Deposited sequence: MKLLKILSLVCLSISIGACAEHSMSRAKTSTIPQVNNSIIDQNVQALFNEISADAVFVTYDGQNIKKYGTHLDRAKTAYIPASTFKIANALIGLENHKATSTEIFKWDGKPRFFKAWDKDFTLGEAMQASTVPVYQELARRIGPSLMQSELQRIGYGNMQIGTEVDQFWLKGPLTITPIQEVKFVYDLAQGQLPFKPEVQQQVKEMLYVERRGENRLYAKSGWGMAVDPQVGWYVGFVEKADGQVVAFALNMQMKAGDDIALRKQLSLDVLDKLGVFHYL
């Protein structure tokens, strides 16, 4: 109660339209200025990178070394567009259906469907997806799930490990901002999370991360 309250107090300090969803395998919890956002569908933007990498590796369209290398070039970080193209529309479509990702619609010959639509996904879907990833519970090779996990690795605090992916849909209006991830605790326990907020042009690039970390701190889940 008092922790939930204290988190709710935090969202007074900023005027952004936002939700923060957590999932621990059992309960969805929702915090923020506009809780309706949790069950609203938005374009994944670069959060799609999570599905693209999994699908690419599972169907032998890239190795993890190749993806890790592409991700680390002098250069945020976007979907590996060449890999999406190697997967191709037919396979992407059937793989997204197979795994149940968002609305599972990519259109027909849409180049960057994660940026333009028609693909969308709720925060609640996002947070359950990366939870499944964290626990090896997606229908992919365990090795593939582990190597996608490590692509998302941000930070360690003790043996509490933070994993995250940011997104910013600049081509939809209103624009959408994502910070999706999970904290894998030292014991083994996992708390998945999703920041979803409305973005503007000229907004601070660092705010999604910093707001998420402040929530995770208040929640007792991770102390950056």
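Numbering the deposited sequence from 1, which residue ranges have no coordinates here? Gaps vs deposited seq, in order: 1-37, 113-130, 280.
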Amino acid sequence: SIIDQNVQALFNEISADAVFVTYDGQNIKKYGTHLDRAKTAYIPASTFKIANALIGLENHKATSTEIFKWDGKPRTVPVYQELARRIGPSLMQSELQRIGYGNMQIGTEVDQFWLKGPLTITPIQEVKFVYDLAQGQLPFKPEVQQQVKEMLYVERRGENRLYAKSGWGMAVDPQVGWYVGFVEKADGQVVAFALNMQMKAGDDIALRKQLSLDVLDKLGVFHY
From here on, numbers count along this sequence of modelled residues.
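If you take the mean CA temperature factor per stretch, which one wins between 65-73 and 163-171? Of 65-73 and 163-171, the stretch with the higher C-alpha B-factor average is 65-73.
With respect to the recorded C-alpha B factors, which stretch has the higher mean value, 174-182 or 23-31? According to the entry, 23-31 carries the higher average C-alpha B-factor.
Quiz for you: based on the deposited Cα B-factor, which of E109, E82, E126, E95 is highest? Answer, based on the entry's C-alpha B-factors: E109.
In terms of recorded Cα temperature factor, pick the maximum from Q189, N196, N52, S46. The listed residue with the largest C-alpha B-factor is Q189.
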